[PDB]
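The figures here come from the full heavy-atom set of this structure, side chains too, leaving out hydrogens, waters and symmetry mates. All residue numbers refer to positions in the sequence shown, counting from 1.
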Amino acid sequence: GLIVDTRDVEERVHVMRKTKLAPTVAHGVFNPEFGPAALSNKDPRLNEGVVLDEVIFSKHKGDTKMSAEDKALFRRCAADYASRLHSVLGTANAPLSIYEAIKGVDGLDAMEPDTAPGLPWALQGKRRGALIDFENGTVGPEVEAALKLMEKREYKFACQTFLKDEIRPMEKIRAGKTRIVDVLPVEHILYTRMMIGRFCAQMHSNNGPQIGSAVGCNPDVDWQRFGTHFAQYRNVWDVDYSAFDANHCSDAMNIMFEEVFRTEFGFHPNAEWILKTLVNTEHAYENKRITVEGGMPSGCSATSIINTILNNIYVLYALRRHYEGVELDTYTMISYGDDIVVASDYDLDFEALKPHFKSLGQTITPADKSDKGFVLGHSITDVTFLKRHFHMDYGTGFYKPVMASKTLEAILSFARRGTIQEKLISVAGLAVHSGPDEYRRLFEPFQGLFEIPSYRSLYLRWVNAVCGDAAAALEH
């Protein structure tokens with residue numbers, strides 16, 4: 001994005017600090033190159049001269065104004081992708097009710113009852129429960145009135161900047177590279193879910209390479225489905241981005257919202273409008289009010305789906321700008337936001353696409369960064385996707401998501417107070433795919449203090465989950 005204006009104001013929006021994450025028993029054993037994010041300017045782990053306030057908004061280095069020919073090319077790729085998407089999903093994209101938007105539907109989770117409410121409610125000292133009744137699924141006078149302004153297209157708001165309390169690598173703690181969640185007002189999240197929640201639920205249900213989205217997937221069961229698909233192709237690539245959601249140019253966002261969320265595909269007219277309010281935004285941090293043109297706000301519920309849709313359109317755009325006669329069946333891909341795995345039988349020169357991705361404001365590099373550039377001949381077993389590799393389970397003959405042991409060591413080393421037992425059971429599901437010996441080693445520090453699931457139990461759970469016929473047929 002491009003920072004066009006920077007004001008100073010009386011009303012101080014506090015970005016309440018301190019980490020809730022504390023070290024575990026495993027921290028002393030593994031000693032990971034990782035730690036809690038720098039949430040304070042007075043944090044001693046930061047380098048000398050590094051102001052935490054400026055490092056956050058340094059990602060906004062411009063809003064790339066696309067050429068008239070490029071914008072025409074981008075709209076074709078947006079409509080072509082939207083054609084594929086709405087053909088698979090259907091056109092049942094009518095607005096959710098206020099009840100269904102709060103409480104959710106099949107394929108879409110319920111709204112969180114005690115997360116931050118955004119502005120101006122955080123300054124007034126209100127929680128989400130004061131505004132919205134999450135049990136009954138109804139709204140108070142304040143939210144009700146705000147939804148009327150959105151129907152008339154007169155709603156104004158400012159995003160509350162929120163420092164993401166998470167585990168990061170030491171280099172990024174020292175450099176002050178703390179990621180942020182642009183917390184929009186709860187009524188905006190309510191109305192966005194009203195306008196496109198039906199579409200989002202349908203995308204979650206139909207996740208796969210045909211629509212090119214892994215959002216709403218379950219890696220345990222879906223790695224076999226994705227694994228066998230990408231294994232068929234001669235070439236596979238996994239691409240990285242530098243500040244993907246920030247570098248979405250306003251032209252690319254507007255064109256996408258125009259072509260994907262049309263009234264002809266069953267949407268309300270305000271579906272395009274409410275999404276278009278994310279293009280030019282005002283961000284509140286301490287006493288500052290930074291106005292940013294372009295870029296997606298980080299963490300606004302539909303961020304994953306919007307980034308995934310844009311990632312699909314960029315690949316079609318980039319290949320058509322370089323090669324001739326490129327269609328959707330020329331290649332295949334799967335995406336989760338910035339995360340991406342592309343594949344094709346044609347020897348596609350991904351190194352040549354760098355200038356073509358640069359016309360969107362995006363900088364592409366290979367995830368396998370040991371090589372100097374992109375190369376042909378890589379299979380699915382080489383790539384990373386959702387921090388997981390595609391390894392063959394030799395017992396069943398299925399693909400399984402295997403995370404790196406350094407990542408599992410880092411995850412286990414820290415936890416929020418009084419959530420370790422819950423976290424170990426969750427992390428055990430991720431760790432089982434590394435094998436029995438590596439599973440025993442990762443949970444050795446927690447033996448005696450907490451309940452560690454057996455390798456045997458979580459293996460048998462997984463074999464049924466991925467294929468019920470496989471587990472059933474094994475019993476004869």
Side-chain angles (χ1 to χ4, degrees), residues 1-9 11-21 34-41 43 45-47 50-63 112 115-123 157-186 188-189 192 241-248 250 253 277-307 310 336-339 361-362 414 416:
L2 173 49
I3 297 164
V4 293
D5 193 58
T6 307
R7 316 179 227 268
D8 291 315
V9 73
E11 295 176 10
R12 191 196 166 188
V13 171
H14 287 259
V15 27
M16 304 173 300
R17 18 276 289 188
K18 289 179 170 177
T19 190
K20 291 184 183 169
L21 299 169
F34 281 94
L39 303 177
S40 184
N41 277 296
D43 195 300
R45 299 174 297 167
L46 294 161
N47 298 323
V50 174
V51 282
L52 190 68
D53 302 0
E54 297 189 326
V55 173
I56 292 157
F57 301 105
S58 63
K59 67 195 178 180
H60 298 110
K61 303 178 188 178
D63 180 23
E112 207 75 58
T115 45
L119 298 167
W121 317 119
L123 299 173
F157 62 99
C159 305
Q160 186 175 1
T161 304
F162 234 73
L163 300 177
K164 195 167 179 63
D165 182 30
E166 65 182 350
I167 300 160
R168 296 228 72 184
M170 292 307 307
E171 193 215 53
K172 304 207 161 197
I173 297 163
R174 294 185 221 284
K177 296 181 184 289
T178 307
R179 302 195 309 173
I180 63 98
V181 179
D182 294 296
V183 176
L184 279 69
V186 70
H188 191 284
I189 295 159
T192 302
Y241 291 96
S242 61
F244 184 62
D245 59 343
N247 285 299
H248 292 324
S250 57
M253 293 177 69
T277 63
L278 304 170
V279 177
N280 299 342
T281 53
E282 186 182 40
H283 298 276
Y285 186 84
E286 293 273 301
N287 284 113
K288 301 180 190 298
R289 293 289 183 282
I290 302 158
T291 306
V292 181
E293 295 189 353
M296 267 287 289
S298 306
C300 59
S301 189
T303 306
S304 294
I305 290 160
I306 290 161
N307 285 319
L310 290 165
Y336 201 118
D338 73 318
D339 218 324
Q362 296 290 350
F414 303 96
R416 342 186 274 286

Closest heavy-atom pair and its distance - [X], [Y]:
| X | Y | answer |
| --- | --- | --- |
| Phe244 | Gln362 | O-NE2, 3.0 Å |
| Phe414 | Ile167 | CB-CD1, 3.8 Å |
| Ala37 | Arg168 | CB-CG, 4.1 Å |
| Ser298 | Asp245 | OG-OD2, 2.7 Å |
| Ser250 | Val279 | CB-CG1, 3.4 Å |
| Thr303 | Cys300 | OG1-N, 2.7 Å |

- Message: Counting only heavy atoms not in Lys59 (residues, nucleotides, ligands), do more than 12 fall under 6.0 Å from its NZ?
- Response: yes
Regarding [X] and [Y], is there a side-chain donor-to-acceptor distance under 3.5 Å anywhere?
| X | Y | answer |
| --- | --- | --- |
| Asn307 | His248 | yes |
| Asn41 | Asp53 | yes |
| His283 | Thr281 | yes |

For the [atom1] atom of [X] and the [atom2] atom of [Y], what is their distance to the nearest 0.5 Å?
| X | Y | atom1 | atom2 | value |
| --- | --- | --- | --- | --- |
| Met253 | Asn280 | CE | CG | 9.0 Å |
| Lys177 | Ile56 | NZ | CD1 | 11.5 Å |
| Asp338 | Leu310 | CG | CG | 12.0 Å |
| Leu163 | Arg179 | CG | CZ | 12.5 Å |

Going by heavy atoms in the side chains, are [X] and [Y] under 4.5 Å from each other?
| X | Y | result |
| --- | --- | --- |
| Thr178 | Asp165 | no |
| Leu119 | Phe157 | no |
| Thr161 | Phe57 | yes |
| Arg12 | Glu286 | yes |
| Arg45 | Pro36 | yes |

- Task: Assess whether side chain to side chain contact (heavy atoms under 4.5 Å, CB included) is satisfied between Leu39 and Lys164, documenting all intermediate values.
- Result: CA-CA 8 Å; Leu39 303 177; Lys164 195 167 179 63; over 6 Å; no
Donor-acceptor pairs under 3.5 angstrom involving side-chain atoms of residues 288-297: please list them, not counting sequence neighbours.
residue	atom	partner	partner atom	Å
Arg289	NH2	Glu11	O	3.1
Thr291	OG1	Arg7	NH2	3.4

- side chain to side chain contact (heavy atoms under 4.5 Å, CB included) assessment of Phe162 paired with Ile180: CA-CA 5 Å; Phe162 234 73; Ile180 63 98; 6.0 Å; no
- Steps toward side chain to side chain contact (heavy atoms under 4.5 Å, CB included) verdict (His188, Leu278): CA-CA 10 Å; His188 191 284; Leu278 304 170; 4.0 Å; yes
- Task: Kindly indicate, with the supporting measurements, whether the criterion side chain to side chain contact (heavy atoms under 4.5 Å, CB included) is fulfilled by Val15 and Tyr285.
- Result: CA-CA 7 Å; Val15 27; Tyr285 186 84; 3.9 Å; yes
- Partner set under side chain to side chain contact (heavy atoms under 4.5 Å, CB included) for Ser301, not counting sequence neighbours: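 Result, side chain to side chain contact (heavy atoms under 4.5 Å, CB included) vs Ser301: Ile189, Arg193.
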- Side-chain (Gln160) to main-chain (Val13) donor-acceptor, under 3.5 angstrom: no
- Message: Given 3.5 Å as the limit, does a donor-acceptor pair link the side chain of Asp63 with the main chain of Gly1, or not?
- Response: no
